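So the structure is just underneath, and the comments pick up after that.
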Amino acid sequence: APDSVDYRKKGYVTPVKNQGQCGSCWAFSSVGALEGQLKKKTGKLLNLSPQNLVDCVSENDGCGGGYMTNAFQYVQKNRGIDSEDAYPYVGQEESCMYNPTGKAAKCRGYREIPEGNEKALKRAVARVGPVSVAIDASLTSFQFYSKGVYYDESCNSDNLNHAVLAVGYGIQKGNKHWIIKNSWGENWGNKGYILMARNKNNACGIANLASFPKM
Ligand SMILES: *C(#N)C1=NC([N][C]2[C][C][C][C][C]2)=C2N=[C]N([C][C]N3[C][C]N([C])[C][C]3)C2=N1
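Dropping the structure here:
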């Protein structure tokens with residue numbers, strides 16, 4: 001596996017979004033990983049529908065939270081997910097709409113990365129593509145991050161309360177990091193992204209609830 005991987009440079013990552021006034025971070029993390037696979041398989045980079053997931057993954061809690069594994073299972077059993085153009089984001093839960101048209105992407109299930117194993121996470125990012133992960137984002141230091149490789153001793157590996165997308169990994173001035181795509185708009189962090197410490201004992205629980213869809 002390479003020392004460095006950044007899917008933004010290959011054109012495998014769509015523009016940063018803003019989940020608005022809804023706790024749908026999990027829907028954005030799930031579509032980001034599906035967008036990566038679609039691009040890999042077809043060459044087209046398209047915005048898929050987080051709203052489709054918010055409204056229809058009944059096993060999840062809409063704007064109240066949810067799991068990415070549940071979202072991948074729903075796409076598999078439903079035969080696809082709509083594009084953002086076909087099922088636009090409105091930022092509140094609505095009834096699950098059915099678009100008779102074709103779905104924009106499909107998946108054959110998912111895989112979970114072994115709990116706490118950052119080395120397996122690194123290999124999966126290198127070989128598969130962007131990976132959905134969950135972290136503890138409760139700290140003021142995370143919320144107001146601006147630059148550098150983020151590391152905070154108070155981060156709690158067992159308090160997973162936010163979902164994001166790992167789109168690469170690398171090293172900056174001697175510090176190994178993970179390149180993380182957030183869904184709080186481009187004004188947050190560094191143009192919507194954050195570099196999080198890599199190989200510093202699963203800091204913030206980065207490798208504790210990671211998964212990717214099979215396409
Ligand atoms: C996002 N946005 C989001 N996600 C979750 N839960 C998931 C986090 C990642 C792993 C799978 C579960 C949310 N649960 C609740 N909320 C609303 C906002 N939170 C309310 C509780 N406080 C303590 C933290 C913020 C979620 N939002």
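Per PDB author numbering, the sequence shown starts with residue 1, numbered consecutively.
Backbone N, C-alpha and C fix where the C-beta goes; we use that ideal spot for every residue, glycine too.
Taking the alpha helix (DSSP H) that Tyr7 belongs to, which residues open and close that run? 7-10
Just the Cα atoms here: how many angstroms apart are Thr140 and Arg79? 40 Å
Could you check where the beta strand (DSSP E) with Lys176 kicks off and where it finishes? 175-181
Compute the minimum distance between the beta carbon of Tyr67 and the heavy atoms of ligand 1, and state whether it is under 7 Å. yes
What first and last residue would you give for the beta strand (DSSP E) that runs through residue 221? Outside the displayed range of the chain (1 to 215) lies residue 221, so it cannot be described from this structure.
Distance check for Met97 and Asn117, CA to CA, integer angstroms please. 38 Å
Go through the segment 126-165 residue by residue and report every complete run of the alpha helix (DSSP H) that reaches 4 residues or more, in order. 140-143
Delimiting residues of the alpha helix (DSSP H) encompassing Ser211: First-last for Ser211: 211-213, but that is the beta strand (DSSP E), not the alpha helix (DSSP H).
With a threshold of 7 Å (Cβ to nearest heavy atom), would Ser30 be considered close to ligand 1? no
What is the rounded straight-line gap between the Cα of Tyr67 and the Cα of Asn175? 30 Å
Take every Cβ of the segment 183-193, pair it with every Cβ of the segment 131-147, and state whether three or more of those distances are shorter than 8 Å. yes
Reference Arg8; option with closest CA among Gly170, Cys204, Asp82, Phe142: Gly170
Check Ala105 in the structure and name its three-state DSSP category. strand
By Cβ distance, which residues of its chain are closer than 7 Å to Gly65, with the 5 residues on each side in sequence left out? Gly23, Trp26
In the structure shown, what three-state DSSP assignment does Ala71 receive? helix
Tell me whether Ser4 sits in a helix, a strand or coil according to DSSP, three-state version. coil
Determine the direct distance from the alpha carbon of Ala105 to that of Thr42, and round the result to whole angstroms. 10 Å
Should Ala210 be counted as a contact of ligand 1 given a C-beta to heavy atom distance under 7 Å? no
Boundaries of the alpha helix (DSSP H) in which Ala33 is found, first to last residue: 25-42
Taking the C-alpha atoms as reference points, what is the distance between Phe212 and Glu153? 28 Å
What three-state label does DSSP hand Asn52 in the structure shown? helix
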